[PDB]
Each structure stands twice: as structure tokens, then as C-alpha cells.
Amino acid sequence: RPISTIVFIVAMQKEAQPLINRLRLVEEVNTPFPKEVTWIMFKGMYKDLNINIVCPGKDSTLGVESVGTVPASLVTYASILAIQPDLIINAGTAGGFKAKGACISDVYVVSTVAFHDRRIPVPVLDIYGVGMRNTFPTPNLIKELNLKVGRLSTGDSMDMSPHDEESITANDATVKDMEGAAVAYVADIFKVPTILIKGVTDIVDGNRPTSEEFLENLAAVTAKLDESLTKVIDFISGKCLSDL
């Protein structure tokens, strides 16, 4: 049976904006979420697909985007149970490692993702900590659209301690972010097809810092990312979860 509905999970609404504009998605007023959360949702029908972009929104106290693994998981759970999707995709900008060939503005399709900041020095619990997992296999996509593939490492810090560096290295990650691994975990319990797409905005093992290189590009890349997601939606439209 063909894919009908696709739920997009984005940490920052800024990252999704362009897509929302090109597809002319409308922000759902009555969200199927609890009256108390700050989550926002944008629904739309592109060709034969019900596209839904859900974002954790802005923190009710600080007024800043609620990034991180905790809000990312809560949202992914709620969305799954609510607008039960056929395919859930986690997109957003990220850190790249040039050592693994990551240029700025590159658009990778995460293959396997794990946690680099959950170090539990215990026999089996340390594997749980890393909690590594696969993404839904989409060879025709990476092939057709000819995209870059790589592993993702997730952590609640935007910086990178020497401890994070060693683990990201043990994960063999090419891209680095703050929520991917968390999303994959939830969708995995409800066993729903999942895809993670990351736009490189900052070269972590590079010279230029991790905070200023990120800002002067969260426009240039956030743009390239959009252009890319569209063509991805465009590719799925009409297919079955296996034709991907």
C-alpha cells in the first residue's frame, strides 16, 4: 500500500520555514496535543501525501526553541500516537567532520545513529547508553537523488568535550546533532519507518568556531536543506515503503 502520510520532526521552526513556504502548509490551530504543551503543527497535502511538520516550539519560560533530546522525543511520541504517520522524517542542520569528508552545506542521509553523551561504565548498560540504531533503508532515494550517506552522533551539548569527541569517534559519525538519536528511539518502539536528513552548517573538526560558522550559514544551508527535502517529498509521493 502506498505511503499516505509523512510526519516531519524539526527542532527549530526556522529550519523548516522554507519548506513550509514552498509547500504552502497551514499551521493547524487545534493541534491534537494537550492544551498545555507549546508544540506547533503544520499540515498540508502535496500531491498524494499528507505532509505534517511538527515542532516542539519555543520554551514557555525562556522563549527559545526547545531543542535537545527530551523535547524531541516527547514530540515524536505524541505525533506518532496522534496523527499516526506511515513515515516519519527528522530533518535539520548539524555539525560536520571534514576528516570524514563533510563540507559545509552538505546534505547527508543518516544511515545509523547513536548517542555520544550517555556514557554508562557498565557491562550492558554502556551499549544501551550508545543506543545505536539503523534508519529505514532508502537506497533508491540516495541513489536517485544521489545524496551523501553517513553516520550520525547525537548529544545534548552543542559544544564538544574531549569525552564527546572520543565517543563520536567510536560511533564513526560523519554528522553531529542534538536530537536524531532520540527521535529514532521513539519511532523504533512503535516500529514506524524512519528517515533522518541533516544539513551541515558547521565543520566541528575545523578552524572557524562552532557558534559563529553555524549562524552565518543557518540561512545558506537551511535553504539548501529545504530545496533538498522538497525533492525528497517529491520522490516519495506515489511510492510504497519498499520503493524507497
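So that there is no doubt, residue numbering starts at 1 and follows the sequence shown.
Exercise. Higher mean Cα B-factor in the deposited model: 56 to 64 or 201 to 209?
Worked result: According to the entry, 201 to 209 carries the higher average C-alpha B-factor.
Problem set entry | Higher-B stretch (mean Cα B-factor, as the entry records it), 29 to 37 or 215 to 223 | Mean B over CA atoms: larger for 215 to 223.
For this session: Would you mind finding, among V113, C103, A82, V75, the residue with the largest C-alpha temperature factor in the entry?
Result: Of the candidates given, the C-alpha B-factor peaks at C103.
Exercise. Lowest, middle or highest third: where is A11 by C-alpha B factor in its chain?
Worked result: Lowest third, going by the recorded CA B-factors of the chain.
For this session: Consider only the C-alpha atoms of the modelled residues in this chain, order them by B-factor as the entry records it, and name the third containing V70: lowest, middle or highest.
Result: It belongs to the lowest third of the chain when residues are ordered by C-alpha B-factor.
Exercise. Taking the C-alpha B-factors as the PDB entry records them, is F190 in the lowest, middle or highest third of its chain?
Worked result: Answer is middle: the recorded C-alpha B-factor places it there.
Exercise. When the modelled residues of the chain are sorted by Cα temperature factor, does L152 land in the lowest, middle or highest third?
Worked result: Ranked within chain, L152 CA B lands in the lowest tercile.
Exercise. If you rank the chain by CA B-factor, which third does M45 end up in: lowest, middle or highest?
Worked result: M45: CA B-factor falls in the highest third of its chain.
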